[PDB]
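A.B. asks: Submitted below is the structure of interest, expressed as structure tokens.
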Amino acid sequence: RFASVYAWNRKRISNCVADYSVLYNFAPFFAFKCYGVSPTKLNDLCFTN
Amino acid sequence: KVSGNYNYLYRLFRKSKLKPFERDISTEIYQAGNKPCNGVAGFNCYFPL
Amino acid sequence: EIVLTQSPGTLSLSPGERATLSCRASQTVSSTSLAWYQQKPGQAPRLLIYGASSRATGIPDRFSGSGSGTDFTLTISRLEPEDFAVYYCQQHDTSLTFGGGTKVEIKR
Amino acid sequence: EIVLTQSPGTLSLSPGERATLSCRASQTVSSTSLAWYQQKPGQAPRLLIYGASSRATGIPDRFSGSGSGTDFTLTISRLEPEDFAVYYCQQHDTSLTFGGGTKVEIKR
Amino acid sequence: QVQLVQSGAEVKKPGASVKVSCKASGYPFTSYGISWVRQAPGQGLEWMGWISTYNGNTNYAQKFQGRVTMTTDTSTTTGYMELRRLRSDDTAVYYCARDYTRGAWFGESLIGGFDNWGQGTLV
């Protein structure tokens, strides 16, 4: 149910743990395309939402 | 140069911080992640220079 | 080697009119190679422009230069006819060869 | 809800040969609306394929998927004699509906 | 690594409520919901139950809408049914499963299937 680009849905992440191993090491479809973040240290540094 | 200067290089990725006053010149393809590149220079293997 | 090619054949202008000079090369001359000289009749050469727009021997308000890469131009405004010297250009990066030159006459 | 039209009534064939399982939809389903499961006598169902053709639980050389658009089909090559598993196919667009069931006998 | 354990066989008289439990372990009990299916011999399965773990969103089947009520506990990560409106000939097996089709937080249309199943109980 991926909405169209004219109107999408916002996904707000509550209090939980961010694990990005399933994104990088598991199913590496295409480029990581990190904007400003350490791909090895994605989880070692964390944000609010 | 109107076409730009491609004769000037700088190392971008390295294993460790440089100790003062020595060279780190080396012809090798950076190994990021868990992909043991044997000269592929593909995904997760970018030229440090 | 590369020999310079010049086609400002004659500067047939009176004092007060703008003067433009070109030093187009053969295939490429990099921007870190520029020299300009005035060859006065019966005298010795002297440097005026050694780069883009710098001064060597005074240059109060007349000798100006600009350009980038394949094109380089020299501009003179409000020319005083005492010198009427030959405009010579020189590149340095591709060996060394003086330009063809351009005599400056008075147009009485 | 939309049910899946299934007619593998009885795949009474010798093990190790080509086996075809039909899971034709009613009118129209998306290509990524598929799920294939196996069940064994005296054993709980296990998942086989969670998508179009990706392997979910092992699938060494037997289970494969083909088709395009709406119609899709399951393919078995070199079927292991012991399993004789009853296959189920489920969609994703309209709620969640299972297959009727495919019975395979000993075929001595 | 994942362990789904369940109680033993039970027989419940008609008109009562049968309590059925399934303890889940071995997987992080926050990223997946808890689904519940029924199976009888000679037929496939159904879509009778689903309750998430982060929230209590209800997505039960319309065929038995308002007939199934159940709880999920994070203290032991156990799913409990107090199934009512019991019938004599509903001695069909009930299976707990991990939902990889319904979103356990928002309710997205997750591509995939119920990759895991419990050991089963008899009612």
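None of the figures in this text is laboratory data; all of them are computed from the coordinates on show. Here Cβ is always computed from backbone atoms with ideal geometry, including for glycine, and neighbour counts include all displayed protein chains.
A.B. asks: Since E:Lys63 meets every condition but one in (1) in contact (Cβ under 8 Å) with a residue 60 or more places away in the chain; (2) farther than 21 Å from E:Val5 by Cα, which condition does it not meet?
C.D. replies: Only one criterion is unmet by E:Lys63, namely (1).
A.B. asks: Here is a further query. Does E:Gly112 satisfy the condition of being of a type in the set (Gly, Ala, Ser) and more than 12 Å from the chain's Cα centre (by Cα)?
C.D. replies: The answer is yes for E:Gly112.
A.B. asks: Another one. Tally time: how many residues in the stretch A:28-49 are polar (S, T, N, Q) and under 20 Å from A:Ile13 (Cα atoms)?
C.D. replies: The qualifying residues number 3.
A.B. asks: When the stretch D:32-46 is examined, which residues are found to be surrounded by 13 or more Cβ atoms within 10 Å (Cβ to Cβ) and either touching a residue at least 40 places away in the same chain (Cβ under 8 Å) or out of contact with any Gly (no Cβ under 7 Å at 6 or more places or on another chain) (or both)?
C.D. replies: D:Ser33, D:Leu34, D:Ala35, D:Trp36, D:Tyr37, D:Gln38, D:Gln39, D:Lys40, D:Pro45, D:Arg46, listed by residue number.
A.B. asks: Working only within the stretch D:75-101, note down all residues that are away from chain E (no Cβ under 14 Å) and under 15 Å from the mean Cα position of the chain (by Cα).
C.D. replies: Selection gives D:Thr75, D:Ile76, D:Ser77, D:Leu79, D:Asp83, D:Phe84.
A.B. asks: Counting only residues that are within 14 Å of chain E (Cβ to nearest Cβ) and closer than 26 Å to E:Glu108 by Cα, how many does the stretch D:57-74 have?
C.D. replies: 2
A.B. asks: Moving on to the next point. Let me spell it out: the conditions are (1) part of a loop (DSSP other than H, G, I, E, B); (2) farther than 25 Å from D:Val86 by Cα, and E:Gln43 meets all of them except one. Which number is the exception?
C.D. replies: E:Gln43 satisfies every listed condition except (2).
A.B. asks: Could you list all residues from the stretch E:86-102 that are touching a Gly at 6+ places or on another chain (Cβ under 8 Å) and either within 17 Å of E:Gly56 (Cα to Cα) or among the small types (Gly, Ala, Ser) (or both)?
C.D. replies: E:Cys96, E:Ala97, E:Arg98, E:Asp99, E:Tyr100, E:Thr101, E:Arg102
A.B. asks: Taking the condition within 14 Å of chain B (Cβ to nearest Cβ) and surrounded by 14 or more Cβ atoms within 10 Å (Cβ to Cβ), does C:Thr28 pass?
C.D. replies: Yes: the conditions hold for C:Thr28.
A.B. asks: Across the stretch B:1-27, which residue is nearest to the other protein chains (Cβ to nearest Cβ) among those that are farther than 17 Å from A:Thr40 by Cβ and surrounded by 10 or more Cβ atoms within 10 Å (Cβ to Cβ)?
C.D. replies: Only one residue fits best here, namely B:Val2.
A.B. asks: Take the residues in the stretch C:19-78 that are of a type in the set (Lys, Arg) and in a loop (DSSP other than H, G, I, E, B); name whichever of them is farthest from C:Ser7 (Cα to Cα).
C.D. replies: C:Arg55
A.B. asks: Show the residue pairs meeting these rules: Cβ distance below 6 Å; 6+ apart or different chains; first residue within the stretch E:91-114 and more than 10 Å from chain D (Cβ to nearest Cβ); second residue small (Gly, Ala, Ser) and surrounded by fewer than 19 Cβ atoms within 10 Å (Cβ to Cβ).
C.D. replies: Listed pairs, sorted by first residue: E:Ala92/E:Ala40.
A.B. asks: Within the set of pairs 6 or more residues apart or between chains, which connect a residue that is without any contact (Cβ under 8 Å) to a residue 24 or more places away in the chain inside the stretch B:32-49 to a residue that is among the basic types (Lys, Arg) and surrounded by 10 or more Cβ atoms within 10 Å (Cβ to Cβ) with Cβ atoms less than 6 Å apart?
C.D. replies: Pairs found: B:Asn44/B:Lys35.
A.B. asks: Further question on the same structure: Restricting the stretch C:1-14 to residues that are farther than 23 Å from C:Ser95 by Cα and out of contact with any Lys or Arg (no Cβ under 8 Å at 6 or more places or on another chain), which is surrounded by the fewest Cβ atoms within 10 Å (Cβ to Cβ)?
C.D. replies: C:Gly9
A.B. asks: A follow-up question, please. Filter the stretch C:79-105 down to the residues that are of a type in the set (A, V, I, L, M, F, W, C) and without any contact (Cβ under 8 Å) to a residue 12 or more places away in the chain and list them by number.
C.D. replies: Matches in the stretch C:79-105: C:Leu96 only.
A.B. asks: List every residue pair whose Cβ atoms sit under 8 Å apart, with the two residues 6 or more apart in sequence or on different chains, where the first one lies in the stretch E:28-52 and is over 27 Å from D:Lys103 (Cα atoms) and facing another protein chain (nearest Cβ under 10 Å) and the second, anywhere, is buried (at least 20 other Cβ atoms within 10 Å of the Cβ) and among the hydrophobic types (A, V, I, L, M, F, W, C).
C.D. replies: Going by the 8 Å Cβ cut-off, the qualifying pairs are E:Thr30/E:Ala104; E:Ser31/E:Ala104; E:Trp50/E:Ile34; E:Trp50/E:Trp36.
A.B. asks: On to the next question. Part of a loop (DSSP other than H, G, I, E, B), under 23 Å from E:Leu110 (Cα atoms) and among the hydrophobic types (A, V, I, L, M, F, W, C): does that describe D:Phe98?
C.D. replies: Criteria met by D:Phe98.
A.B. asks: Of the residues C:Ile76, C:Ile49, which is over 19 Å from C:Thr97 (Cβ atoms), touching a residue at least 12 places away in the same chain (Cβ under 8 Å), surrounded by 14 or more Cβ atoms within 10 Å (Cβ to Cβ) and among the β-branched types (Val, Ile, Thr)?
C.D. replies: Being over 19 Å from C:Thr97 (Cβ atoms), touching a residue at least 12 places away in the same chain (Cβ under 8 Å), surrounded by 14 or more Cβ atoms within 10 Å (Cβ to Cβ) and among the β-branched types (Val, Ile, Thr) holds for just one of C:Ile76, C:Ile49, which is C:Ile76.
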